[PDB]
Amino acid sequence: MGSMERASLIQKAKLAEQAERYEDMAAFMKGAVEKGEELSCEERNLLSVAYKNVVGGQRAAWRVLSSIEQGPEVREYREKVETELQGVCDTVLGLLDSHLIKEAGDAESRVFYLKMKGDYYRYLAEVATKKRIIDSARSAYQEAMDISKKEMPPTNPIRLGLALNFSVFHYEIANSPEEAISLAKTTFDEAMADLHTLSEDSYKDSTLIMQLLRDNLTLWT
Amino acid sequence: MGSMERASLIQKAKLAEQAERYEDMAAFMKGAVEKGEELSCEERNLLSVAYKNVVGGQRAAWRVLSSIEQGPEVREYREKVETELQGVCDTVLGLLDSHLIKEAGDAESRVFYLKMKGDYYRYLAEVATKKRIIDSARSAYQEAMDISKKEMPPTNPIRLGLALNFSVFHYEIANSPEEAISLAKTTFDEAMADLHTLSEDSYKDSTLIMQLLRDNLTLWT
Amino acid sequence: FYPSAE
Amino acid sequence: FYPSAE
Ligand SMILES: [Mg+2]
Ligand SMILES: [Mg+2]
């Protein structure tokens, strides 16, 4: 993508999203990041949707194959999909480390990128067989939590999605279901108390993510 | 795939189908065809499911992008997807021509492959801007029809799916809606009259495809 | 537009 | 298993 204009990459990412061509969408957004300029809010969302969909298909496939696994063919093919998943997570982590996080000074950008760092170390942990990868996810989520608590209101959708994902990290990855349940409860309750401050459209944005926290609390208790 | 055993390719195609990894499934089945042995019935179905899903995602994307098209970016990206679709159709046509069709002597195999040849020329025609490609689809479907009428009963599922697809070719590609409607009606009626010959399981197989013929007749009349 | 064979 | 953020 080095020969393509930044604006054309961004335009084609949006076309690829409409076409449900998520591998193309992630390749266009990788090329836009590698132009070296910081991303706007809408561009950071495009980067995240593209990779979420790519890695989401790889995670689903890896879970089907790992279940069948429980000749060498099932293990070889699960290994094949696992390696490709690890490569996509390494690519995202590499964009964050060169140089999205270091250039991100506003809280909205910095928390978004540190949450992504946590997420893609978490996806590495889901397949790992591990301590160091779990620690790297934890450390990224904790830095993002610290900034979000100081800099954003409790209803901010990035803060809420970070706390949701850190709660899933604690329940599924770190074997800390009580920490998961405490974080999801505290986050839901502090957001409920701040909803009165919001417009109708912001209220809809924040209550949609709060419902996910509640859906997990209903699964966990 | 040259270093992988045929049986391991077939096993991994089946794993890829379970995992909804259709590009991998088609690459495994391409490697199995290129071993040079004829395919069994279940292997021919694996080849067709894999490519149908790959090309089906490309057709859907091409339709979204062609609709948006109605700077150079929308046309460039529609061209990008179109070229990749044409490459998948060329790959399938190339497997059929080297050497699946020439080695196929039983009617079940030969009609299946000639129907596939018709189908993938039809997908080329959907994007073409053309006469020669439409003629190549027609010629492949007509050879398959001629064999199927002589060699298979009117309820045979390959015969029914060929007549369904040749009817869609006439309505959507060749601008012959009356030929489409006549073929779908005649095929439905001749199959209905032969259902009494079938087991319960064959009856279910044939009536499911007859319902597609009826669904198109309801759209077309 | 028009369903084809599975 | 447990829904994460959109
Ligand atoms: Mg900055
Ligand atoms: Mg033969």
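Every chain is numbered from 1, with letters handed out A, B, ... down the list of sequences. Only heavy atoms go into these numbers, but all of them, side chains included; no hydrogens, no water, no symmetry mates.
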Any heavy-atom pair between the side chains of [Y] and [X] that's under 4.5 Å?
X	Y	result
A/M25	A/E20	no
A/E178	A/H170	no
A/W220	D/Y2	yes
A/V49	A/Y22	yes
B/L15	B/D24	no
B/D119	B/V92	no
A/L162	A/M145	yes
A/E143	A/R138	no

Quick one: closest heavy-atom pair of [X] and [Y], and the distance?
X	Y	answer
B/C89	B/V55	SG-CG2, 4.0 Å
B/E38	B/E43	O-OE1, 4.1 Å
B/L65	B/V81	CD1-CG2, 3.6 Å
B/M1	B/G31	CB-CA, 3.8 Å
D/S4	A/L212	O-CD1, 3.9 Å
D/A5	A/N165	N-OD1, 2.8 Å

Open item on the list: Below 30° counts as parallel, above 60° as perpendicular, anything between as tilted: where do the rings of B/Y120 and B/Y51 land?
Closed with: perpendicular
[X] side chain to [Y] main-chain N or O, any donor-acceptor pair under 3.5 Å?
X	Y	value
A/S206	A/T155	yes
A/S176	A/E179	no
A/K35	A/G2	yes
B/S8	B/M4	no
A/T221	A/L217	yes
A/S202	A/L198	no
A/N45	A/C41	yes
B/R122	B/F169	no
B/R44	B/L39	yes
A/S66	A/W62	no

- [ ] Please determine, by modelled atom types, if A/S139 and A/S136 share a side-chain donor-acceptor pair under 3.5 angstrom.
- [x] no
Open item on the list: Distance alone, cut at 3.5 Å: any donor-acceptor contact between the side chains of B/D90 and B/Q86?
Closed with: no
Ionic contact status for [Y] with [X], cut-off 4.0 Å:
X	Y	answer
A/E84	B/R21	yes
A/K30	A/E34	yes
A/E126	A/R63	yes
B/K12	B/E17	no

Open item on the list: Is there a ring-ring contact (aromatic ring centres under 6.0 Å, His included) between B/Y141 and B/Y121? Walk through the geometry before answering.
Closed with: CA-CA 10 Å; B/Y141 286 137; B/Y121 274 114; 9.7 Å; no
TODO: List the steps and the verdict of ring-ring contact (aromatic ring centres under 6.0 Å, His included) for B/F28 and A/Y77.
DONE: CA-CA 11 Å; B/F28 293 138; A/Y77 186 50; 5.3 Å; yes
Is it true that, when you exclude [X] itself, more than 12 heavy atoms of the residues, nucleotides or ligands shown sit nearer than 6.0 Å to its [atom1]?
X	atom1	value
B/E69	CD	yes
A/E23	CD	no
A/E79	CD	yes
B/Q18	CD	yes
A/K130	NZ	no

Report the distance from atom [atom1] of [X] to atom [atom2] of [Y], rounding to the nearest 0.5 Å.
X	Y	atom1	atom2	answer
A/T207	A/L160	OG1	CG	10.0 Å
A/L208	A/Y203	CG	OH	11.5 Å
A/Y113	A/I158	OH	CD1	10.5 Å
B/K14	B/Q11	NZ	CD	8.0 Å
A/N156	A/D194	CG	CG	10.0 Å
A/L213	A/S167	CG	OG	6.5 Å

Just list the side-chain donor-acceptor pairs under 3.5 Å for residues 95-109 of chain A, sequence neighbours left out, or say none.
{"unit_1": "A/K102", "atom_1": "NZ", "unit_2": "A/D97", "atom_2": "O", "d": "2.8"}
{"unit_1": "A/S109", "atom_1": "OG", "unit_2": "A/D106", "atom_2": "O", "d": "3.0"}

- [ ] Give the intermediate values and the outcome of side-chain contact (heavy atoms from CB on, under 4.5 Å) for residues A/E151 and A/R110.
- [x] CA-CA 11 Å; A/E151 307 288 351; A/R110 196 166 182 82; over 6 Å; no
- [ ] Show the numbers, then the answer: is there a side-chain contact (heavy atoms from CB on, under 4.5 Å) between A/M210 and A/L195?
- [x] CA-CA 11 Å; A/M210 291 167 68; A/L195 290 173; 4.0 Å; yes
Open item on the list: Under the criterion salt bridge (charged side-chain N to carboxylate O under 4.0 Å, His left out), I'd like the reasoning laid out for A/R59 against A/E82: C-alpha separation, chi angles, the key distance, then a yes or no.
Closed with: CA-CA 8 Å; A/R59 293 162 77 202; A/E82 184 173 300; over 6 Å; no
- [ ] For the pair A/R159 and A/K149, evaluate side-chain contact (heavy atoms from CB on, under 4.5 Å) and give the outcome as yes or no after the intermediate values.
- [x] CA-CA 8 Å; A/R159 180 169 167 181; A/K149 279 209 218 78; 3.7 Å; yes
For residues 180-192 of chain A, dump all side-chain donor-acceptor pairs below 3.5 Å to protein atoms at least two apart in sequence or in another chain.
{"unit_1": "A/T186", "atom_1": "OG1", "unit_2": "A/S182", "atom_2": "O", "d": "3.3"}
{"unit_1": "A/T187", "atom_1": "OG1", "unit_2": "A/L183", "atom_2": "O", "d": "2.7"}

- [ ] Before giving the answer on side-chain contact (heavy atoms from CB on, under 4.5 Å), spell out for A/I147 and A/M152 the whole-Å C-alpha distance, their side-chain angles and the decisive distance to 0.1 Å.
- [x] CA-CA 8 Å; A/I147 297 166; A/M152 294 171 157; over 6 Å; no
